[PDB]
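First comes the structure, then the notes that go with it.
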Number of protein chains: 2
Amino acid sequence: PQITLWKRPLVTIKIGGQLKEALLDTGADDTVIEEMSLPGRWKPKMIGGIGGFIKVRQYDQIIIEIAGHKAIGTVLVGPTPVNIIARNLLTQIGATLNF
Amino acid sequence: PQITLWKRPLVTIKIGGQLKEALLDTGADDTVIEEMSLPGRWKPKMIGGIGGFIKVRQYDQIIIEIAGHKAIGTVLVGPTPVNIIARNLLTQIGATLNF
Ligand SMILES: O=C1N(Cc2ccc(CO)cc2)[C@H](Cc2ccccc2)[C@H](O)[C@@H](O)[C@@H](Cc2ccccc2)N1Cc1ccc(CO)cc1
C-alpha cells in the first residue's frame with residue numbers, strides 16, 4: 001500500500017504466533033520489540049536514541065510477518081512503549097519513502 | 001524522489017538561514033533540531049525515547065526547507081544527537097511510505 005503520515009503509521013505484526021501492533025519507523029536502524037520470549041541465543045547490543053544509549057538483546061533470523069508481508073531478520077528486545085519496525089525489515093518488504 | 005532504506009534517509013534542510021543534515025523519521029510525531037537560536041516565543045517540553053527524556057524548547061510556525069520543499073510547523077529545539085524531520089512536516093511535503 002501507500003501510507004500517509006497524518007496518523008502514526010501503525011500496522012499489525014505477527015511474531016511467535018502472536019499478533020501485535022507496531023510502528024513503521026524510518027529513523028530507526030534495527031527493529032525493536034517489547035519484551036517477549038524469542039528462540040535461540042542472543043547477543044548484546046548498544047542502541048542510541050534521543051536521551052542516550054541503552055543495552056538491548058539482539059536475536060538473529062527471527063521470523064516475522066509485517067502487515068501481511070513475510071520477513072526474517074534481526075529483532076532487538078528492550079524497553080519501549082511500542083514495537084518499532086525499522087529499516088532492516090522495512091527494506092526486506094520493499095518499503096520506500098516517496099515525496 | 002524515492003528514498004530506499006538500505007541506509008539512513010539523510011537529507012539537507014535549511015532552517016533559520018542555516019543548512020543542516022537531518023533524518024527523515026516516520027516514527028516521530030514532532031520535528032526535533034539540535035540546539036540553535038530561533039526567533040519568536042517558545043515553551044518548555046519534555047520528549048522521551050530510547051535512553052530517556054530530554055528538555056526541549058517548542059517553537060511554533062517555523063519554516064523549514066526540506067530537500068527543496070518548503071514546509072511550516074512546530075519545531076522542538078534541544079540536545080538531540082541527530083536532527084529529526086518528523087511526521088508534522090513530512091506530511092506537508094507530501095511524503096508517503098509505500099510497499
Ligand atoms: O529515540 C528515538 N529513536 C531512537 C532509535 C534509534 C535506534 C533504534 C534501533 O536501531 C530504535 C530507535 C528514533 C529517532 C532517533 C534516531 C537517531 C538518534 C536519536 C533518535 C526513532 O526513529 C523515533 O521513532 C523514536 C523511537 C522511540 C519512541 C518512543 C520511545 C522510545 C523509542 N525516538 C524518540 C523520539 C521521541 C519523540 C520525538 C519527537 O516527536 C523524536 C524522537
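Proteins come first, then strands; the chains are lettered A, B, ... in the order of their sequence lines, and each starts at number 1. Order of appearance sets the numbers: ligands from 1, and atoms from 1 within every ligand.
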### Residue A:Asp29 vicinity, atoms of ligand 1 by number, heavy atom under 4.0 Å
9 (C), 10 (O)
### Summary
Filtering A:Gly49, A:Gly51, A:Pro81 for the heavy atom nearest atom 29 (C) of ligand 1 leaves A:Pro81
### Message
Any atom of ligand 1 sitting under 4.0 Å from a heavy atom of A:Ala86?
### Response
no
#### Entry: Heavy-atom nearest neighbour in the protein, as seen from atom 6 (C) of ligand 1, with distance rounded to 0.1 Å
A:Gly48 O, 3.3 Å
### Query
Looking only at protein heavy atoms, which one is nearest to atom 8 (C) of ligand 1, and how far off is it?
A:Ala28 CB, 3.6 Å
### Task
For ligand 1, note which part of B:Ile50 has a heavy atom under 4.0 Å away: side chain, backbone, both or neither.
both
### Query
Which residue owns the protein heavy atom closest to atom 14 (C) of ligand 1, what's the atom, and how far is it?
B:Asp25 OD2, 3.4 Å
### Query
When you measure from atom 15 (C) of ligand 1 to every protein heavy atom, which one gives the shortest distance, and what is it?
B:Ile84 CD1, 3.8 Å
### For B:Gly27, the ligand 1 atoms whose distance to one of its heavy atoms is below 4.0 Å
24 (O)
### Query
Are any of the protein's heavy atoms under 4.0 angstrom from atom 3 (N) of ligand 1, yes or no?
no
### Task
Mind checking the CD1-CG spacing from A:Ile84 to A:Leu90? Nearest 0.5 Å is all I need.
11.5 Å
### Message
Under 3.5 Å, is there a donor on one side chain and an acceptor on the other for A:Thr31 and A:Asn88?
### Response
yes
### Task
From the options A:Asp30, A:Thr26, B:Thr31, select the one whose nearest heavy atom is closest to atom 9 (C) of ligand 1.
A:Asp30
### Summary
Heavy-atom nearest pair, A:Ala22 first then A:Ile13, reads CB-CG2, 3.7 Å
### Query
Is it the side chain, the backbone, both or neither of A:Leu23 that has a heavy atom closer than 4.0 Å to ligand 1?
neither
### Task
Check B:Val82 against ligand 1 and report side chain, backbone, both or neither, counting heavy atoms closer than 4.0 Å.
side chain
### Message
Can you tell whether the side chains of B:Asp29 and A:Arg8 come within less than 4.0 Å, N to carboxylate O?
### Response
yes
### Query
Is a side-chain N or O of B:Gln92 found less than 3.5 angstrom from the main chain of B:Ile72, in a donor-acceptor match?
no
### Query
Does any non-hydrogen side-chain atom of A:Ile3 lie less than 4.5 Å from one of B:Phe99?
yes
### Message
Determine whether a donor-acceptor pair (N or O, by modelled atom type, separation under 3.5 Å) exists between the side chain of B:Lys14 and the backbone of B:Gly17.
### Response
yes
### Task
Look at A:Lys20 together with A:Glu34 and state whether they make a salt bridge at an N to O cut-off of under 4.0 Å.
no
### CG on B:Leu23 to CG on B:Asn83, rounded to 0.5 Å
9.5 Å
#### Entry: Heavy atom of B:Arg8, distance to ligand 1 below 4.0 Å
yes
